[PDB]
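Notes follow once the structure below has been shown.
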Amino acid sequence: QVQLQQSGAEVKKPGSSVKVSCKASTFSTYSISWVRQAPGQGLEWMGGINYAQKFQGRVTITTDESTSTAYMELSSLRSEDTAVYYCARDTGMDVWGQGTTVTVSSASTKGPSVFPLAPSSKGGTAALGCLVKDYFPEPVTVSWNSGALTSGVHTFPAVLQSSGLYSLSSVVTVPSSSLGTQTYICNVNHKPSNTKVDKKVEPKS
Amino acid sequence: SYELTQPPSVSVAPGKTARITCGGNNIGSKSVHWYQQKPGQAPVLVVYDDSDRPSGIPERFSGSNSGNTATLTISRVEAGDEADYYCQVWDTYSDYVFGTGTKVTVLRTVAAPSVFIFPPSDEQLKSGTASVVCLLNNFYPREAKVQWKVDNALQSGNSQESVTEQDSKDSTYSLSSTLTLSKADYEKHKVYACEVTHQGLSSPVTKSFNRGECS
Ligand SMILES: [Cl-]
Ligand SMILES: [Cl-]
């Protein structure tokens with residue numbers, strides 16, 4: 001029952017280099033390949049111990065049989081290197097690590113501002129939400145009414161803005177008669193900045 | 001080098017059978033592997049050496065490979081098999097190569113988006129920025145155009161959007177589009193208009209407000 005355990009997430013400055021590790025649970029018989037996935041993009045082979053010429057140079061791939069650990073160093077990082085980095089055992093690839101998030105950015109840790117998206121003043125159903133804006137790094141979690149309200153909730157995937165900071169919207173559809181009677185609270189957590197916010201969302205005058 | 005081709009997406013009705021193809025020159029001579037990736041998880045090997053499944057992968061997933069095409073077949077597609085699927089081979093000269101991936105989309109009837117427009121909050125305006133949000137809720141299929149208009153000026157490059165995954169209950173998508181403007185620019189114009197085009201509306205639907213009137 002072999003499993004591959006990868007090293008923690010990392011935020012890296014442009015120009016720097018990242019060392020990702022991959023520890024197995026007899027790994028002296030199999031080969032380990034490194035595969036990357038930029039956000040929203042395909043799987044892409046990097047190398048194994050052999051390099052894809054797209055990365056010949058920038059990549060260093062090593063193994064320590066002693067500790068059955070595989071290593072991947074990627075140097076002179078750009079934004080375009082922002083990706084999840086997976087290790088896998090070759091057969092095909094059958095056993096996969098869970099993946100290492102590498103975020104290449106100049107941005108500093110920042111908690112979001114939480115703005116209401118107030119339900120339109122004008123039966124049927126009203127939409128309302130929170131804009132969770134200008135945070136770094138990923139992720140933030142959002143819930144509604146401390147987890148009591150799940151029906152009709154949509155929490156969009158985060159978007160990286162030109163500023164190098166993320167923002168996302170959470171929205172919920174609710175009955176129009178419940179406006180001003182039901183309290184609607186979005187619960188926002190950004191652990192990296194220790195920012196927790198419960199924000200009441202209310203009809204404008 | 002060596003290249004693997006796949007269609008971007010396949011649509012199948014629940015209970016019905018999905019076929020995902022993987023194009024390559026003499027791919028018939030290689031051991032084709034298939035990986036399923038659900039969103040925010042690692043890929044899972046479902047089919048190896050063309051047609052073999054590992055233990056614990058349902059009967060529904062079978063593979064086939066000859067000439068310049070190999071095929072992953074998924075029978076009795078349930079909502080649970082909404083995923084990206086990647087074919088992959090070991091080339092003598094290119095080592096390991098992945099196809100571009102195919103998204104499996106569950107097919108349902110057309111649904112028109114319900115459209116909502118949110119002005120910048122007074123809180124945001126105090127902090128020197130304006131975000132105008134356009135919500136397209138519970139629509140099918142995925143394809144949608146949002147055009148932003150400010151005092152009838154069509155807005156180009158200053159908006160971003162993201163889409164949820166297919167809901168596992170109703171199979172719909174929701175999309176939010178954010179128009180970014182400086183506070184000084186937001187206060188120079190009156191009419192903020194989000195225009196939605198979709199297969200489910202015979203004519204496109206506009207949601208508008210006028211800055212500083214009850215919206
Ligand atoms: Cl239809
Ligand atoms: Cl912008």
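Labeling convention for the structure tokens: chains A, B, ... as they appear, residues from 1 per chain, ligands from 1 in order of appearance.
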
*asked:* Give me the residues near region 95-101 of chain A as a PyMOL selection string, where near means some atom within 9 Å (using only C-alpha atoms) and where sequence neighbours in that chain fewer than 3 positions away do not count.
replied: (chain A and resi 2-11+20-22+36+82-90) or (chain B and resi 41-45)

*Which chains and residue numbers are within 12 Å of ligand 2, counting only C-alpha atoms and all ligand atoms, if I want them as a PyMOL selection string?*
(chain A and resi 160-163) or (chain B and resi 129-132+155-161+177-182+185)

Export of prior selection with N, CA, C and O atoms as a JSON list (two decimals), in the first residue's frame:
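Ended up saving to out-v1.json:
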```
[["chain", "number", "residue", "atom", "x", "y", "z"],
["A", 160, "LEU", "N", -7.40, 36.00, -10.00],
["A", 160, "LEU", "CA", -6.20, 36.84, -9.80],
["A", 160, "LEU", "C", -6.40, 38.12, -10.61],
["A", 160, "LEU", "O", -6.59, 38.01, -11.86],
["A", 161, "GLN", "N", -6.38, 39.28, -9.97],
["A", 161, "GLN", "CA", -6.50, 40.58, -10.65],
["A", 161, "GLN", "C", -5.12, 41.02, -11.13],
["A", 161, "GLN", "O", -4.13, 40.41, -10.67],
["A", 162, "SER", "N", -5.05, 42.06, -11.98],
["A", 162, "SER", "CA", -3.78, 42.61, -12.53],
["A", 162, "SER", "C", -2.85, 43.08, -11.41],
["A", 162, "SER", "O", -1.62, 43.17, -11.66],
["A", 163, "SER", "N", -3.38, 43.34, -10.21],
["A", 163, "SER", "CA", -2.62, 43.90, -9.06],
["A", 163, "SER", "C", -1.81, 42.79, -8.39],
["A", 163, "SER", "O", -0.98, 43.10, -7.51],
["B", 129, "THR", "N", -12.24, 52.40, -4.51],
["B", 129, "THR", "CA", -12.48, 51.52, -5.68],
["B", 129, "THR", "C", -13.98, 51.30, -5.94],
["B", 129, "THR", "O", -14.79, 51.53, -5.01],
["B", 130, "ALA", "N", -14.33, 50.86, -7.15],
["B", 130, "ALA", "CA", -15.70, 50.44, -7.53],
["B", 130, "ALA", "C", -15.66, 49.09, -8.25],
["B", 130, "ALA", "O", -14.98, 48.94, -9.32],
["B", 131, "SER", "N", -16.38, 48.10, -7.70],
["B", 131, "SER", "CA", -16.65, 46.82, -8.37],
["B", 131, "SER", "C", -18.16, 46.76, -8.67],
["B", 131, "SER", "O", -18.97, 46.85, -7.72],
["B", 132, "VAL", "N", -18.52, 46.61, -9.93],
["B", 132, "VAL", "CA", -19.91, 46.34, -10.39],
["B", 132, "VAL", "C", -19.97, 44.86, -10.74],
["B", 132, "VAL", "O", -19.08, 44.40, -11.51],
["B", 155, "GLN", "N", -17.49, 48.05, -22.89],
["B", 155, "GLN", "CA", -16.30, 47.91, -22.01],
["B", 155, "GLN", "C", -15.50, 46.70, -22.48],
["B", 155, "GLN", "O", -16.10, 45.68, -22.73],
["B", 156, "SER", "N", -14.20, 46.86, -22.68],
["B", 156, "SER", "CA", -13.27, 45.87, -23.30],
["B", 156, "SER", "C", -12.01, 45.78, -22.45],
["B", 156, "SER", "O", -11.25, 46.80, -22.39],
["B", 157, "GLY", "N", -11.80, 44.62, -21.81],
["B", 157, "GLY", "CA", -10.56, 44.26, -21.10],
["B", 157, "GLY", "C", -10.62, 44.56, -19.62],
["B", 157, "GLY", "O", -9.71, 44.13, -18.91],
["B", 158, "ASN", "N", -11.63, 45.28, -19.14],
["B", 158, "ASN", "CA", -11.61, 45.76, -17.73],
["B", 158, "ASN", "C", -12.57, 44.91, -16.89],
["B", 158, "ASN", "O", -13.03, 45.40, -15.84],
["B", 159, "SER", "N", -12.89, 43.70, -17.32],
["B", 159, "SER", "CA", -13.83, 42.81, -16.59],
["B", 159, "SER", "C", -13.18, 41.43, -16.43],
["B", 159, "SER", "O", -12.30, 41.13, -17.19],
["B", 160, "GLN", "N", -13.55, 40.68, -15.40],
["B", 160, "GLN", "CA", -13.09, 39.27, -15.23],
["B", 160, "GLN", "C", -14.30, 38.47, -14.80],
["B", 160, "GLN", "O", -15.26, 39.07, -14.22],
["B", 161, "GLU", "N", -14.28, 37.17, -15.06],
["B", 161, "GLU", "CA", -15.41, 36.30, -14.73],
["B", 161, "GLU", "C", -14.92, 34.90, -14.34],
["B", 161, "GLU", "O", -13.81, 34.49, -14.70],
["B", 177, "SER", "N", -19.50, 38.13, -13.38],
["B", 177, "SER", "CA", -18.61, 39.05, -14.11],
["B", 177, "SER", "C", -18.46, 40.32, -13.27],
["B", 177, "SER", "O", -19.47, 40.89, -12.87],
["B", 178, "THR", "N", -17.22, 40.71, -12.99],
["B", 178, "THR", "CA", -16.86, 41.91, -12.19],
["B", 178, "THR", "C", -16.24, 42.93, -13.14],
["B", 178, "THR", "O", -15.21, 42.59, -13.78],
["B", 179, "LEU", "N", -16.88, 44.10, -13.26],
["B", 179, "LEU", "CA", -16.33, 45.29, -13.96],
["B", 179, "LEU", "C", -15.57, 46.12, -12.94],
["B", 179, "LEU", "O", -16.19, 46.49, -11.94],
["B", 180, "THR", "N", -14.28, 46.34, -13.16],
["B", 180, "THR", "CA", -13.37, 47.17, -12.32],
["B", 180, "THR", "C", -13.19, 48.54, -12.98],
["B", 180, "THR", "O", -12.82, 48.58, -14.17],
["B", 181, "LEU", "N", -13.47, 49.59, -12.20],
["B", 181, "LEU", "CA", -13.31, 51.03, -12.51],
["B", 181, "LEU", "C", -12.77, 51.73, -11.26],
["B", 181, "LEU", "O", -13.21, 51.35, -10.16],
["B", 182, "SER", "N", -11.93, 52.74, -11.42],
["B", 182, "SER", "CA", -11.58, 53.71, -10.33],
["B", 182, "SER", "C", -12.86, 54.37, -9.78],
["B", 182, "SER", "O", -13.82, 54.59, -10.57],
["B", 185, "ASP", "N", -13.81, 57.34, -11.85],
["B", 185, "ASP", "CA", -14.41, 56.98, -13.16],
["B", 185, "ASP", "C", -15.86, 56.53, -12.96],
["B", 185, "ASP", "O", -16.69, 56.88, -13.82]]
```

*Within 6 Å of chain A, which residues of chain B show up when using only C-alpha atoms, listed as a ChimeraX atom specification?*
/B:33,42,45,100,118,164,215

Quick one: residues within 10 Å of residue 26 (chain A), only C-alpha atoms counted, chain neighbours fewer than 4 positions away excluded, as a PDB file with C-alpha atoms, in the first residue's frame?
```
ATOM      1  CA  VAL A   2       2.622   2.612  -1.226  1.00  0.00           C
ATOM      2  CA  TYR A  30      10.106   1.990  -9.227  1.00  0.00           C
ATOM      3  CA  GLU A  65      17.073   5.632  -1.728  1.00  0.00           C
ATOM      4  CA  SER A  68      13.070   6.751  -0.253  1.00  0.00           C
TER       5      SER A  68
END
```

*Taking only C-alpha atoms and all ligand atoms into account, which residues are within 9 Å of ligand 1, as a VMD selection string?*
chain B and resid 108 to 111 140 200

*May I have the residues within 12 Å of residue 15 (chain A) as an MDAnalysis selection string, using only C-alpha atoms and disregarding those fewer than 3 positions away in the same chain?*
chainID A and resid 12 18 58 74:79 81 104:106

Mind writing the picked residues with N, CA, C and O atoms as a PDB file, in the first residue's frame?
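Saved the output as again_28.pdb:
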```
ATOM      1  N   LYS A  12       6.645  32.041  -3.622  1.00  0.00           N
ATOM      2  CA  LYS A  12       8.024  32.223  -4.116  1.00  0.00           C
ATOM      3  C   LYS A  12       8.106  33.526  -4.924  1.00  0.00           C
ATOM      4  O   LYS A  12       7.206  33.803  -5.744  1.00  0.00           O
ATOM      5  N   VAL A  18      12.499  26.755  -6.169  1.00  0.00           N
ATOM      6  CA  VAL A  18      11.711  25.964  -5.173  1.00  0.00           C
ATOM      7  C   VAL A  18      12.167  24.507  -5.228  1.00  0.00           C
ATOM      8  O   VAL A  18      12.369  23.993  -6.335  1.00  0.00           O
ATOM      9  N   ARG A  58      16.485  24.376 -16.171  1.00  0.00           N
ATOM     10  CA  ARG A  58      15.765  24.972 -15.003  1.00  0.00           C
ATOM     11  C   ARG A  58      15.420  23.892 -13.966  1.00  0.00           C
ATOM     12  O   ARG A  58      15.359  24.241 -12.775  1.00  0.00           O
ATOM     13  N   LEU A  74      13.050  23.617  -9.239  1.00  0.00           N
ATOM     14  CA  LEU A  74      12.766  24.481 -10.406  1.00  0.00           C
ATOM     15  C   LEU A  74      13.315  25.869 -10.102  1.00  0.00           C
ATOM     16  O   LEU A  74      12.902  26.429  -9.070  1.00  0.00           O
ATOM     17  N   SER A  75      14.233  26.367 -10.944  1.00  0.00           N
ATOM     18  CA  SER A  75      15.017  27.616 -10.725  1.00  0.00           C
ATOM     19  C   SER A  75      14.490  28.754 -11.614  1.00  0.00           C
ATOM     20  O   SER A  75      13.685  28.478 -12.519  1.00  0.00           O
ATOM     21  N   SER A  76      14.917  29.992 -11.340  1.00  0.00           N
ATOM     22  CA  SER A  76      14.527  31.248 -12.046  1.00  0.00           C
ATOM     23  C   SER A  76      13.017  31.240 -12.384  1.00  0.00           C
ATOM     24  O   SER A  76      12.619  31.385 -13.580  1.00  0.00           O
ATOM     25  N   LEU A  77      12.201  31.135 -11.330  1.00  0.00           N
ATOM     26  CA  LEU A  77      10.718  31.053 -11.389  1.00  0.00           C
ATOM     27  C   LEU A  77      10.130  32.332 -12.004  1.00  0.00           C
ATOM     28  O   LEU A  77      10.682  33.424 -11.739  1.00  0.00           O
ATOM     29  N   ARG A  78       9.074  32.155 -12.812  1.00  0.00           N
ATOM     30  CA  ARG A  78       8.189  33.194 -13.411  1.00  0.00           C
ATOM     31  C   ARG A  78       6.756  32.952 -12.899  1.00  0.00           C
ATOM     32  O   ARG A  78       6.550  31.897 -12.287  1.00  0.00           O
ATOM     33  N   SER A  79       5.794  33.855 -13.156  1.00  0.00           N
ATOM     34  CA  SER A  79       4.341  33.669 -12.847  1.00  0.00           C
ATOM     35  C   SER A  79       3.848  32.368 -13.458  1.00  0.00           C
ATOM     36  O   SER A  79       3.020  31.684 -12.831  1.00  0.00           O
ATOM     37  N   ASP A  81       5.086  29.667 -13.916  1.00  0.00           N
ATOM     38  CA  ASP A  81       5.431  28.472 -13.102  1.00  0.00           C
ATOM     39  C   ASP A  81       4.404  28.230 -11.994  1.00  0.00           C
ATOM     40  O   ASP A  81       4.465  27.183 -11.378  1.00  0.00           O
ATOM     41  N   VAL A 104       3.960  31.701  -7.591  1.00  0.00           N
ATOM     42  CA  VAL A 104       5.077  32.627  -7.909  1.00  0.00           C
ATOM     43  C   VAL A 104       4.465  34.020  -8.033  1.00  0.00           C
ATOM     44  O   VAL A 104       3.643  34.206  -8.937  1.00  0.00           O
ATOM     45  N   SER A 105       4.850  34.929  -7.133  1.00  0.00           N
ATOM     46  CA  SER A 105       4.279  36.292  -6.978  1.00  0.00           C
ATOM     47  C   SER A 105       5.229  37.156  -6.149  1.00  0.00           C
ATOM     48  O   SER A 105       6.012  36.593  -5.366  1.00  0.00           O
ATOM     49  N   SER A 106       5.154  38.469  -6.338  1.00  0.00           N
ATOM     50  CA  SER A 106       5.853  39.520  -5.551  1.00  0.00           C
ATOM     51  C   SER A 106       4.938  39.987  -4.423  1.00  0.00           C
ATOM     52  O   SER A 106       5.391  40.812  -3.614  1.00  0.00           O
TER      53      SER A 106
END
```
